Amino acid sequence: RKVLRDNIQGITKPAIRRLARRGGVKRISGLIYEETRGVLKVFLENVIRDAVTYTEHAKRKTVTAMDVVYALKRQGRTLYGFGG
Amino acid sequence: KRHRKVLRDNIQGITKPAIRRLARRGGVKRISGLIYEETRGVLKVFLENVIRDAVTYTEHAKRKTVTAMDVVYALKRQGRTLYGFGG
Amino acid sequence: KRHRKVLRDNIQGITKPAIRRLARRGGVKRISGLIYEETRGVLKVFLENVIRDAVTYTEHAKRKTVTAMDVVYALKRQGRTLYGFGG
Amino acid sequence: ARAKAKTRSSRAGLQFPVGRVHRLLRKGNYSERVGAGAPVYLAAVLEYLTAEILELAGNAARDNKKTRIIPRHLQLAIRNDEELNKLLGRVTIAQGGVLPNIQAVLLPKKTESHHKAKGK
Amino acid sequence: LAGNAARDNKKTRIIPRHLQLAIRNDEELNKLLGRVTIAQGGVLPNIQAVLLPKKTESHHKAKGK
Amino acid sequence: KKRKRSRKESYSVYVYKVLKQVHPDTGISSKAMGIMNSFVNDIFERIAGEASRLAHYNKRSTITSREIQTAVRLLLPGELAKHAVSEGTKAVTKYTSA
Amino acid sequence: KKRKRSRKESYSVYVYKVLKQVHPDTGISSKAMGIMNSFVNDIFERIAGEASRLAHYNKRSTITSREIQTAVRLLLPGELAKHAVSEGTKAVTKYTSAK
Amino acid sequence: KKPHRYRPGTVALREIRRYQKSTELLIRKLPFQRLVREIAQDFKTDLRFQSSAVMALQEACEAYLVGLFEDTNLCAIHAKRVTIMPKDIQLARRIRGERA
Amino acid sequence: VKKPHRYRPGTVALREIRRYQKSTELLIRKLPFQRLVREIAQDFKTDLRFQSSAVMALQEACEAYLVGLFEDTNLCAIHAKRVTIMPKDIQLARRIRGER
Amino acid sequence: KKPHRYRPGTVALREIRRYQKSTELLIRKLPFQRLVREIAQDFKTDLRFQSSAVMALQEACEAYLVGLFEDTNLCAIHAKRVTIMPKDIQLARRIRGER
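- The deposited coordinates, according to the entry record, derive from cryo-EM at 3.9200 Å resolution.

- The record lists the entry's title as "Telomeric Dinucleosome".

**Looking at the layout of surface pockets**
Rolled over the atoms, a probe sized like a water molecule indicates the empty space that remains.
And then number 1: Its volume calculated, the second largest pocket comes out at about 1200 Å³.
And then number 2: What lines the second largest pocket is a set of 21 residues, among which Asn49 of chain C, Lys31 of chain E together with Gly97, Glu98 and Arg99 of chain J lie closest to the centre.
And then number 3: Among the elements that take part in the lining of the second largest pocket, helix α2 (residues 35-61) of chain C stands out by supplying six residues, more than any other.
And then number 4: Its residues placed into classes, the lining of the second largest pocket shows five nonpolar, five polar and eleven charged.

**A closer look at the packing of aromatic side chains**
And then number 1: Considering all chains together, one arrives at eight aromatic pairs over all chains under this definition.
And then number 2: With 5.0 Å between their ring centres and 65° between their planes, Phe46 of chain B and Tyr64 of chain H make a pair best called edge-to-face. Of the two residues, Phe46 of chain B sits in helix α1 (residues 35-60) while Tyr64 of chain H sits in helix α3 (residues 51-78), which places them in two different chains. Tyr64 of chain H shares its class with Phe46 of chain B; the two are buried.
And then number 3: Judged by centre distance (6.2 Å) and plane angle (25°), the ring pair of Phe16 of chain D and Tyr11 of chain F falls under stacked. Residue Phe16 of chain D is located in the loop between α1 (8-12) and α2 (20-26), and its partner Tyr11 of chain F is located in the segment before α1 (13-22); the two belong to separate chains.

**Observations concerning empty space enclosed by the protein**
And then number 1: According to the stated counting rule, one finds two cavities of 30 Å³ or more in the structure shown.
And then number 2: When residues of the lining of the largest cavity are traced back to their parent elements, those giving at least two are α5 (71-78) of chain D together with α2 (30-57) of chain F.
And then number 3: Of the voids in this model, the second largest cavity is the one considered here, and its volume is about 40 Å³.
And then number 4: In terms of lining residues, the second largest cavity is bounded by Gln12, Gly13, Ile14 and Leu43 of chain C together with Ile27, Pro31, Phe32 and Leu35 of chain J.
And then number 5: Counting residues per element, the lining of the second largest cavity draws most heavily on helix α2 (residues 29-41) of chain J, which supplies three residues.
And then number 6: Residues of the lining of the second largest cavity, tallied by class, amount to six nonpolar, two polar and no charged.

**As for the nonpolar core**
And then number 1: Residues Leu25, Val45 and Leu49 of chain D together with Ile28, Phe44 and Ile47 of chain F are the most contacted members of the largest nonpolar core, which totals 59 residues.
And then number 2: Every element with two or more residues in this core is listed here: α2, α3 (38-51) and α5 of chain D together with α1, α2, α3 (65-75) and α4 (79-96) of chain F.
And then number 3: Here this core gets twelve residues from one element, more than from any other, and that element is α2 of chain F.
And then number 4: Apart from residues lying up to four places away in sequence, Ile47 of chain F is in contact with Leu42 and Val45 of chain D together with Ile68, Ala71, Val72 and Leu75 of chain F.
And then number 5: Residues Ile16 and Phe43 of chain A together with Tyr20 and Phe33 of chain I belong to the second largest nonpolar core, which totals 53 residues.

Parameters and conventions
Residues numbered from 1 in each chain as written, not as in the entry; some residues may be left out. Chains lettered and ligands numbered in written order. Part of a larger assembly, values for the part shown. Heavy atoms only, no water. 1 Å grid on protein atoms, 1.4 Å probe; cavity = no way out; pocket = protein on both sides within 12 Å on 5 of 7 lines; lining within 4 Å. Points joined across faces, edges and corners; volume = space filled by probe spheres on them. Helix = DSSP H or I, 4+ residues; strand = E, 2+ residues; numbered from the N terminus. Nonpolar A, V, L, I, M, F, W, Y, C, P; charged D, E, K, R; others polar. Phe/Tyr/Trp six-rings, centres within 6.5 Å; stacked < 30°, edge-to-face > 60°. Buried < 20%, exposed > 50% of the residue type's maximum accessible area, 1.4 Å probe, protein only. Core = buried A, V, L, I, M, F, W, Y, C linked by side-chain atoms within 4.5 Å. Contact = heavy atoms within 4.5 Å.

Put into structure tokens, the structure is as follows:
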């Protein structure tokens, strides 16, 4: 079952620090952990709503990797590699 | 006759009051003294970048006159999109 | 009213033959192709430096003409004493 | 009759294909009639730029003591340059990494910190 | 520019070395005091890249391939 | 049923050959071929995407060398523009005089 | 000019007629025609533009009605999309009946 | 409010309110004609600018500058200060991504 | 003998900003990120089946935008003389960048 | 037909011997008169140069250049090469201390 809470409590507190110690931050306040689950559910909504629209155009029911490489390209963040 | 050409005093042509009227439309309340030299650095880089792409389109058409549908076609690429002073 | 060209000689007149005449006095036998752009970059940082000190003396006397005794006085400070061109 | 022939690329001495950038420039509907002097110019600008991701990367593989140009060695060569980080400046490279940087103010230098029982 | 290089090395006195690490970095102050020798200064760290360890890899004959 | 798997087309033989002239000892792992085919297919899209706009703005119907050259002067940054415009001019000149 | 000179094309006559339907007894200045005529000529090059790429990825060679419906779904934003995908189909319905 | 003196920082709120409600350009037209002409000399000489080209450049350049100041202001109010300064302009340019 | 060399606050965090900035692997666990992508796609079209290379091209672009908003919230928390990123910093970086 | 093409590099030894035995300046006076005029514009405008000032600047500038090329040559003969190249000019300037 995709329990709503479980899916977002999936980005756990240790991995919201180790994804931030790769940027330089030395001390992290307690409330950063809540806001940073908010900004990764309003980014995935926008990338996974423009991969569904291309998938429907070709009358397919599987979201292929090339479609995500074409959803990201439109919004200004091209990804080179996991696609062609 | 006109025995003179345009020197490089122009970058100081923007006066101290003009940068205090384009910043009071911005919400700024107490402009600091050193800002006036910095704001003549940010404008100076920008005016060159729209200009180099503007000349590059004109030389493609082998003309000698930079018409405004060339500025409007340069400003789209960099980022903005002036609507109006052009077609 | 104005010479149409305003290039003020852009590091020009140092044509391939002139740099292949100065080098041969030096002892160079087979000058390579890329040297010509570089030797127009070393002449450039020298002609400016004798000049900045030369104008600095003339403005001290308030005169508007750079006489040769000013260039001999500037050249001593950097390190090379030209003997006699001005005296 | 009609003779025997050789590749157009060899005739102009360019390694990158000059007969495949003509089909891909005409079957994409970029323009109605392709000049024949344009496939050759555009198979040289790509090749000059290919070496800009194949030489700076290789020189950064010797420095880490390895003989293959793996995906990270590609980032340390397109993020350490000043005219190749202003072209590929939004692209994200798969399985890459970040360039090492720690801002100076954070580095340990509190100098005994102070405010404690007078260390005097 | 010398005190700021004493906090970085964790000391509270501007001793003679901390004076070289501040007059051998700034470009305006290394083109004025460019012949002077400080009394017990030392030198600024720099190892040329070509000789760094291995790099070209000391295998030579590398018998095999 | 039939075989005839669609034959995928990639610029990957040509990238190996440029590695060989520039460095004769190194080799590229499979992922770097992926992060390199994508680069070649991205600069081609920008240069033939500003050529087509230039051909149309000045009413015209063909992309000749000057048009594929105005783009390199605009899309590529500062230094790489000067070297690349020259590298192409030498390569086209050889084609005509042969 | 009139020395055998060329004639430009503007969507300026059409905009005036729309102004009359939504708000009667109101007028537009010629400076405000210039901002509006550019917008009608900029939304044409974004909605048509995504359609060209969509046709190529699929491999199909025609830009038909379905393609100008996926472009309106992606380029436009939230509730100015549901109110415009619906409006267009109604006009395609009527044309299919008569032309 | 003796016309002789209004306390510091109260004339400017009247200035902000009046300036935000009108659209006339704020840099003088004759001096800006020259800055563009000087910058053009290096790219080519013998370039003749039509009247509209120097008008558009005025209505884009004012707009980039009006914007940087609103973002510099947002940064200043963050540190508890109420005045723009030289350091604040640089944080706005690194974040927006222009300088690199 | 009660000294496990307890490190003072600040020496076990500058030995992790230096071991995570020199590696190429992915920090977020794969299985908990194969349920966030599916819950956010059970509202747009029901019964959509994701491929195995498109649940890794979404992890590598939602772990390279977060590590790009933590270098613009550690250049804004050093402008107010603090070393601790706080939730009023992440909100400022978004307004200037353009993503509000 | 007499091509009389001396083999490569033997015309130049005759050139070196003849050039080292005379003192006439090797850069033309009219072009040099202008390079100084351009580099003077930035420091001040309205500066008038007497005839001798351009002449002195020509003798010092030829002399710095003649020298850099006897030291670049000495560096080239060290690596076993016989021709000056762009890289050699930068070792001479780092060692002499000009930087």
